[PDB]
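Student: Take a look at this one; I'll ask things after.
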Amino acid sequence: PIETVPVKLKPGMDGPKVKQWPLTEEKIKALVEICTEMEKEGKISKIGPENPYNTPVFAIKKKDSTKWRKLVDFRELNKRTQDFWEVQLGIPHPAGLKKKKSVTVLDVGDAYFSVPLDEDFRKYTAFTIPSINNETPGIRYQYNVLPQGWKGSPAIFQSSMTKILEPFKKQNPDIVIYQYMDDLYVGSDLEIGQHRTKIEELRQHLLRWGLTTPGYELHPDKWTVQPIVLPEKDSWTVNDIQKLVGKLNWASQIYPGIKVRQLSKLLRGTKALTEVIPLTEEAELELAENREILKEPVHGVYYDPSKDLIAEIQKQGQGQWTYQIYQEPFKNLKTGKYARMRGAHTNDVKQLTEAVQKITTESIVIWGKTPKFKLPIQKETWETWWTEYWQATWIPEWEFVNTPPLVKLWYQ
Amino acid sequence: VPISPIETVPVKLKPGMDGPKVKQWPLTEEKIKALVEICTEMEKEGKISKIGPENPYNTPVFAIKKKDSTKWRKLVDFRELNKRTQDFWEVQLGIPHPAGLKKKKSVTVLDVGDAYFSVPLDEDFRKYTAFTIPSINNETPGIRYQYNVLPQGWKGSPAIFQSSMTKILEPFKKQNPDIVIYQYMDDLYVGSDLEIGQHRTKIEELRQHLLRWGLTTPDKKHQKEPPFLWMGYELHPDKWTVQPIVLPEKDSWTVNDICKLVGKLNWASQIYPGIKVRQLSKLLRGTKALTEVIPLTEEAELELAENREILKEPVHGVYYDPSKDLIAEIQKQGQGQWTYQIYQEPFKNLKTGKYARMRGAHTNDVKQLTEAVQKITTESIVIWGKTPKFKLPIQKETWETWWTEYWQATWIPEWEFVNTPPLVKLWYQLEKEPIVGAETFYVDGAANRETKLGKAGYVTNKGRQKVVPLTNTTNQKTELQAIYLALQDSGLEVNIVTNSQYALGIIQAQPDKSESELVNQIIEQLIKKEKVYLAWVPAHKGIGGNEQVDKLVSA
RNA sequence: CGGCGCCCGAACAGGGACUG
DNA sequence: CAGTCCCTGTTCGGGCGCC
Ligand SMILES: Cc1ccnc2c1NC(=O)c1cccnc1N2C1CC1
């Protein structure tokens with residue numbers, strides 16, 4: 004018996020009508036035992052054909068966890084409430100969160116299950132638990148409490164959260180606390196022992212305030241940026257100068273003071289690719305002036321709050337992957353590289369899945385926003401397994417690309 | 000007062016809308032006098048009512064015909080009401096595949112009578128039902144009425160039926176965990192691993208539970224009928240098969256004959272292994288009229304032949320045994336056609352199938368295999384909810400070379416090698432580094448957009464040149480064309496420098512087949528070489544023999 | 001009248017390169 | 001800077017197969 008903040012699908016658009024994708028029996032079982040238990044708790048309840056709305060659901064285990072977590076893909080719903088949450092209630096994003104020697108992510112989403120949900124909105128949380136082989140029809144529910152992974156859920160719980168936290172925040176003013184969807188980011192410059200202790204302490208806070216919390233540590237102060245770099249060479253084959261000049265031409269799409277002119281003249285005749293050509297000095301100086309123009313920061317790159325972030329991922333081989341975050345071509349807010357992730361040397365889709373998750377995480381720690389991915393993968397491939405390797409409680413936005421590599425040379 | 004059978008569904012209306020009013024459109028004259036009476040029948044059973052003032056609602060009649068009936072069936076058209084009624088989440092999500100069924104000792108089928116008329120319509124929506132249709136010809140102006148149950152051709156009839164039915168069966172199911180029911184339309188199929196009599200026990204005890212809600216199940220019902228006939232399937236508790244397929248032997252071949260033919264072949268392909276539709280699918284390419292005349296080629300007939308011999312002997316699928324692993328083994332059938340079998344105990348198949356689909360302008364066998372494996376995983380999840388172990392005609396080294404080199408993210412799940420030629424191979428590899436002491440060809444091609452005219456040629460470190468004039472071409476084709484030249488005129492090892500990003504993209508993805516004859520030729524030359532290193536440089540940067548080439552070709 | 005499987009033909013996104 | 005083309009690559013409306 005408490006109020007309910009009415010919520011509306013922003014103007015003109017209807018509830019999500021999206022199809023449930025086939026699930027593995029493993030996951031269908033886990034969902035069945037979770038929803039039947041959640042029905043008993045009156046968190047959710049059964050629905051009829053009079054509700055023509057659907058959101059997809061599946062299940063995951065978080066990293067190093069043997070427990071099945073239910074996960075709803077609320078992206079379409081999240082878009083029409085997108086306007087609800089974005090225009091009505093804001094969360095100021097700490098620019099300092101990124102500077103902490105440590106940042107832990109605690110999953111507080113369970114708390115959202117306290118609060119009731121506006122009775123008029125509930126028909127939009129509709130989800131089907133599918134059946135193997137279409138043997139039964141689907142088991143359909145809708146949400147009674149604040150549904151996990153919806154953006155309205157952390158929005159509406161904002162007040163209550165700031166409350167439950169205010170003792171700790173007040174007692175510990177120097178610790179930074181951010182909240183992104185079902186996750187709460189807590190970070191500090193404390194030496195790691197006492198950090199982990201302050202995290203246990205916060206766990207206690209929400210534990211005694213009526214919350215449960217099913231490592232999470234990050235190290236943002238150590239996050240490195242991948243600069244573009246031209247090789248250091250003794251002797252240059254024709255082929256070396258060629259790869260150099262072409263790479264240099266791309267880089268000059270990013271950094272305009274680059275000139276290929278004298279190195280180009282270096283390539284002048286028709287010479288064997290493997291012939292060793294000495295570097296004229298005028299070109300040698302053009303090249304050195306280039307390595308220089310390549311250690312500076314790119315003019316006019318700054319984050320703009322209104323624009324969406326875009327992340328591009330390239331597969332570099334032998335377990336390495338490079339990425340770039342940007343809002344406008346050639347102006348990159350960040351570039352980076354990953355290697356020896358889980359799946360390295362055996363499963364590309366696993367590795368990429370991992371990559372998309374680490375990129376999203378830094379994107380949230382840095383701008384408090386998830387990027388839109390350009391994924392180097394076939395559509396169908398990705399849809400099939402990505403559902404298998406996902407350890408995150410959120411789901412970025414993505415589209416699929418084919419780019420035979422001339423941009424691959426974000427790496428040696 | 001009428002009476003109240005089973006829980007009702009809250010059907011609403013599309014906001015800001017109200018019931019329809021329409022004029023009649025023609026329907027055959029003899030049978031419709033019958034419904035005037037039939038309507039009075041329903042009055043007494045509870046399926047109809049009427050009021051004079053209260054209905055601003057009227058609906059017409061338009062129909063579709065069905066074969067095989069020994070008595071006539073009445074009908075009404077709500078199509079205007081339909082368009083005006085709320086949408087539902089549809090209950091028929093598609094059908095189970097026979098190969099996905101677990102083997103059941105005992106399997107029966109109860110057929111529900113008065114199925115649609117056994118379901119209460121939403122109280123308040125009842126109002127919207129009113130309709131009118133011609134007596135025999137006509138005499139007096141008429142009268143009208145409303146529906147108290149699920150009306151024919153209405154959207155909620157199927158959705159709400161299915162759901163209500165489900166709700167009823169639920170307590171029976173919960174009180175009977177080891178029975179197994181499946182609902183298709185108005186038929187229920189029940190099965191158990193229990194003994195034959197306790198099985199018929201629960202069959203009546205369930206006709207009880209269905210009756211308690213008013214659902215009538217007669218005894219023309221058959222335990223002595225299985226195989227059950229369902230959607231082209233024949234189903235025995237132990238084994239399933241497709242219903243018998245008739246392949247036309249007709250001497251006269253129209254493209255529509257080949258069409259029906261193909262459709263029959265694919266449907267056969269779920270069970271009879273090794274079906275090839277390729278050449279038959281080739282006939283269908285780009286035809287204006289469905290009535291056109293087409294002859295059968297020797298290939299299409301040799302295919303039709305091998306297929307006729309596959310269909311000759313009969314065959315049956317087994318069912319799934321959850322205790323045992325699933326196995327999917329794929330064999331390359333050539334001409335970018337693939338077949339796979341999914342079984343558990345060796346030589347006993349759950350099902351078979353083809354993957355023939357040619358994806359992309361230029362492709363290769365590894366890619367196509369990867370695709371089939373993906374298709375198959377999907378099919379396996381829908382049906383058995385798990386991924387099979389895969390048996391594939393590809394060396395673990397072949398594959399490792401491919402997936403690890405390719406620029407895209409790519410994967411096959413847990414799988415092992417099967418030496419079952421043809422084995423899938425990569426027919427050439429490009430070098431990762433320039434080849435010492437190989438001639439180096441700088442290549443170019445160019446064409447003029449207006450005249451559609453151009454030339455393709457090259458220059459080398461050895462002094463060797465060539466320029467070939469070409470007619471009716473494009474910029475891309477000339478750049479391919481130049482690479483082709485460098486291949487033909489070069490020795491067993493060669494470095495080729497191209498400034499065509501396009502051509503480089505194609506060759507670098509190592510195609511073994513192409514729609515494009517020129518690419519096919521490039522491929523053939525590529526396969527003949529010992530070492531080929533292919534490189535890219537930017538145009539008009541004044542590079543190398545490319546500035547020199549550029550002048551000669553661009554001239 | 002309707003879903004699914006497939007084949008066939010048309011409209012939009014990415015990229016290249018030319019017209020001063 | 002607009003406006004032309006040439007390639008490649010998914011989405012949507014047209015007939016068979018199964019109800
Ligand atoms: C057509 C059909 C569709 C779905 N399931 C069944 C059936 N009917 C069967 O013939 C059947 C046969 C064998 C095992 N299960 C069957 N059953 C399941 C009920 C035990």
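Respectively, the protein sequence lines represent chains B and A. Per the entry's author numbering, the first sequence runs over residues 4 to 217, 231 to 428. Per the entry's author numbering, residue 0 is the first one in the second sequence, and the count goes up by one each step. No residue lacks a Cβ here, since even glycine has one placed at the ideal position from N, Cα and C.
(1) Are there any heavy atoms of ligand 1 lying less than 6 Å away from the beta-carbon of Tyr188 of chain B, as far as the coordinates show?
(2) May I have the straight-line CA-CA distance separating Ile142 of chain A from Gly152 of chain A, to the nearest angstrom?
(3) Which residues, in chain order, does the region 135-163 of chain A contribute to contact with chain B at a C-beta distance below 8 Å?
(4) Under 7 Å between the Cβ atoms of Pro9 of chain B and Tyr56 of chain B?
(5) So is the beta-carbon of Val111 of chain A under 6 Å away from any non-hydrogen atom of ligand 1?
(6) For the beta strand (DSSP E) that contains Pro157 of chain A, what are its first and last residues?
(7) Quick check: is the beta carbon of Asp320 of chain A nearer than 7 Å to any beta carbon in chain B?
(8) Looking at the structure shown, is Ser251 of chain A part of a helix, part of a strand, or coil, going by DSSP?
(9) Using the beta-carbon count (16 or more within 10 Å), is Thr286 of chain B buried or exposed?
(10) Whole-angstrom Cβ separation of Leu429 of chain A and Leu517 of chain A, contact assumed at under 8 Å?
(11) Apply the 10 Å Cβ neighbour rule to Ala437 of chain A and answer buried if 16 or more other Cβ atoms are within range, or exposed otherwise.
(12) Label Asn147 of chain A either buried or exposed according to how many other C-beta atoms from any shown protein chain fall within 10 Å of its C-beta, with 16 as the threshold for buried.
(13) Please give me, in chain order, every unbroken run of the alpha helix (DSSP H) with length at least 4 that falls completely inside the region 79-134 of chain B.
(14) Counting only runs of 4+ residues fully inside the region 286-358 of chain B, write out the alpha helix (DSSP H) ranges in chain order.
(15) Is any beta-carbon of chain B found at less than 7 Å from that of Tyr115 of chain A?
(16) Return the CA-CA distance between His315 of chain B and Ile434 of chain A, expressed in angstroms with no decimal places.
(17) Given a cut-off of 7 Å, decide if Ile47 of chain B and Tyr146 of chain B are closer than it, judged by their beta-carbon atoms.
(18) Quick test of the definition: if touching needs 3 or more C-beta pairs under 8 Å, does the region 23-35 of chain A touch the region 99-117 of chain A?
(19) Could you tell me the distance, in whole angstroms, from the CA atom of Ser191 of chain A to the CA atom of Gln222 of chain A?
(20) Would the region 314-332 of chain B and the region 381-393 of chain B be scored as touching if the rule is three or more Cβ pairs under 8 Å?
(21) When every heavy atom of ligand 1 is checked, does at least one fall within less than 6 Å of the C-beta of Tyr181 of chain A?
(22) For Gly262 of chain A, name the three-state secondary structure that DSSP assigns.
(23) Does the beta-carbon of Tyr115 of chain B, which I'm using as the reference point, lie nearer than 6 Å to any heavy atom of ligand 3?
(24) Cβ atoms of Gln343 of chain B and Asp320 of chain B: under 7 Å apart, would you say?
(25) Under 6 Å: does the beta carbon of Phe130 of chain B sit that close to some heavy atom of ligand 1?
(26) Let me check you understand the geometry: is the CB of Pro55 of chain A closer than 6 Å to at least one non-hydrogen atom of ligand 1?
(27) Rounded to a whole number of angstroms, what is the C-alpha to C-alpha distance between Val276 of chain B and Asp76 of chain B?
(28) Count Cβ pairs between the region 473-481 of chain A and the region 493-512 of chain A that sit closer than 8 Å; are there 3 or more?
(29) Less than 7 Å between CB atoms is the rule here; does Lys259 of chain A satisfy it with respect to chain B?
(30) Indicate, with yes or no, if ligand 1 has a heavy atom lying under 6 Å from the CB of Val90 of chain A.
(31) With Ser280 of chain A as the anchor, note down where its beta strand (DSSP E) starts and where it stops.
(32) With C-beta atoms as the reference, is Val254 of chain B less than 7 Å away from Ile293 of chain B?
(33) According to a CB-to-CB cut-off of less than 8 Å, which residues of the region 284-303 of chain B neighbour chain A?
(34) Please say whether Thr397 of chain A and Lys424 of chain A have beta carbons closer to each other than 7 Å?
(35) For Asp186 of chain B, does the three-state DSSP call read helix, strand or coil?
(36) Just the Cα atoms here: how many angstroms apart are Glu44 of chain A and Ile195 of chain A?
Tutor: In terms of the structure at hand:
(1) Working through the first sequence from its first residue, we reach residue 188 of chain B at position 185. The answer is no for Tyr188 of chain B.
(2) On the second sequence, residue 142 of chain A is found 143 positions in, with the first residue counted as 1. On the second sequence, residue 152 of chain A is found 153 positions in, with the first residue counted as 1. About 22 Å.
(3) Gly155, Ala158, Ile159, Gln161 and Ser162
(4) Looking up residue 9 of chain B in the first sequence gives position 6. Looking up residue 56 of chain B in the first sequence gives position 53. Not in contact: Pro9 of chain B and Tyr56 of chain B (Cβ atoms no closer than 7 Å).
(5) Reading the second sequence from its first residue, position 112 is the one you call residue 111 of chain A. For ligand 1, not one heavy atom lies less than 6 Å from the Cβ of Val111 of chain A.
(6) On the second sequence, residue 157 of chain A is found 158 positions in, with the first residue counted as 1. Counting along the chain, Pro157 of chain A falls outside any beta strand (DSSP E), though it belongs to the alpha helix (DSSP H) covering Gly155 to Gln174.
(7) In the second sequence, counting from the first residue as 1, residue 320 of chain A sits at position 321. It does not; no Cβ of chain B falls within 7 Å.
(8) Here residue 251 of chain A refers to the residue found at position 252 of the second sequence. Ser251 of chain A: coil per DSSP, three-state reduction.
(9) Reading the first sequence from its first residue, position 270 is the one you call residue 286 of chain B. By the neighbour-count rule (16 or more Cβ atoms within 10 Å), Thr286 of chain B is buried.
(10) Here residue 429 of chain A refers to the residue found at position 430 of the second sequence. Here residue 517 of chain A refers to the residue found at position 518 of the second sequence. With 8 Å as the limit, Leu429 of chain A and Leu517 of chain A do not qualify as a contact, their Cβ atoms being about 18 Å apart.
(11) For the purposes of this step, residue 437 of chain A is identified with residue 438 of the second sequence, where counting begins at 1. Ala437 of chain A comes out buried.
(12) Here residue 147 of chain A refers to the residue found at position 148 of the second sequence. With 16 or more other Cβ atoms within 10 Å, it is buried.
(13) 85-91
(14) Here the runs fully enclosed are 297-309.
(15) Within the second sequence, residue 115 of chain A is the residue found at index 116, counting from 1. Judged by the 7 Å Cβ criterion, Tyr115 of chain A is not in contact with chain B.
(16) The residue you call residue 315 of chain B lines up with position 299 of the first sequence. The residue you call residue 434 of chain A lines up with position 435 of the second sequence. Whole-angstrom Cα-Cα distance: 41 Å.
(17) Position 143 of the first sequence, counting from 1, holds the residue named residue 146 of chain B. Position 44 of the first sequence, counting from 1, holds the residue named residue 47 of chain B. For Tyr146 of chain B and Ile47 of chain B, yes; Cβs fall inside 7 Å.
(18) At 8 Å Cβ cutoff, the stretches do not touch.
(19) Numbered from 1 along the second sequence, position 192 holds the residue referred to as residue 191 of chain A. Numbered from 1 along the second sequence, position 223 holds the residue referred to as residue 222 of chain A. Using only the alpha carbons, I get a separation of about 13 Å.
(20) Using a C-beta cut-off of 8 Å, the region 314-332 of chain B makes contact with the region 381-393 of chain B, since at least three inter-stretch Cβ pairs fall below that distance.
(21) Here the question's residue 181 of chain A lines up with position 182 in the second sequence. Indeed, a heavy atom of ligand 1 lies less than 6 Å from the Cβ.
(22) Indexing the second sequence from 1 puts residue 262 of chain A at position 263. Helix.
(23) This structure lacks ligand 3; the ligands present are ligand 1.
(24) Residue 320 of chain B sits at position 304 when you count from the first residue of the first sequence. Residue 343 of chain B sits at position 327 when you count from the first residue of the first sequence. Yes; because the gap between Cβ atoms is below 7 Å, this pair is in contact.
(25) As a working mapping, residue 130 of chain B is identified with position 127 in the first sequence. No, ligand 1 has no heavy atom inside 6 Å of this Cβ.
(26) As a first step, residue 55 of chain A is located in the second sequence; it is residue number 56 there, counting from the start. For ligand 1, not one heavy atom lies less than 6 Å from the Cβ of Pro55 of chain A.
(27) As a working mapping, residue 276 of chain B is identified with position 260 in the first sequence. As a working mapping, residue 76 of chain B is identified with position 73 in the first sequence. Their Cα atoms are separated by approximately 48 Å.
(28) yes
(29) The residue labelled residue 259 of chain A in the question sits at position 260 within the second sequence. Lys259 of chain A does not count as touching chain B.
(30) Here residue 90 of chain A is taken as the residue at index 91 of the second sequence, counted from 1. Incorrect: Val90 of chain A has no Cβ contact closer than 6 Å to ligand 1.
(31) Sequence index remark: in the second sequence, residue 280 of chain A carries index 281 (1-based). Note, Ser280 of chain A: premise wrong, no beta strand (DSSP E); alpha helix (DSSP H) at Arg277 to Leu282.
(32) Counting from one through the first sequence, the residue named residue 254 of chain B turns up at place 238. Counting from one through the first sequence, the residue named residue 293 of chain B turns up at place 277. Yes, Cβ-Cβ distance for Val254 of chain B and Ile293 of chain B is below 7 Å.
(33) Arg284, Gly285, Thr286, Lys287, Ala288, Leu289, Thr290 and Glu291
(34) In the second sequence, the residue the question calls residue 424 of chain A occupies position 425. In the second sequence, the residue the question calls residue 397 of chain A occupies position 398. It is a contact, given that the beta carbons lie within the stated cut-off.
(35) Numbered from 1 along the first sequence, position 183 holds the residue referred to as residue 186 of chain B. DSSP places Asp186 of chain B in strand when its eight states are reduced to three.
(36) Numbered from its first residue, the second sequence carries residue 44 of chain A at position 45. Numbered from its first residue, the second sequence carries residue 195 of chain A at position 196. Their backbone Cα atoms lie some 37 Å apart in a straight line.
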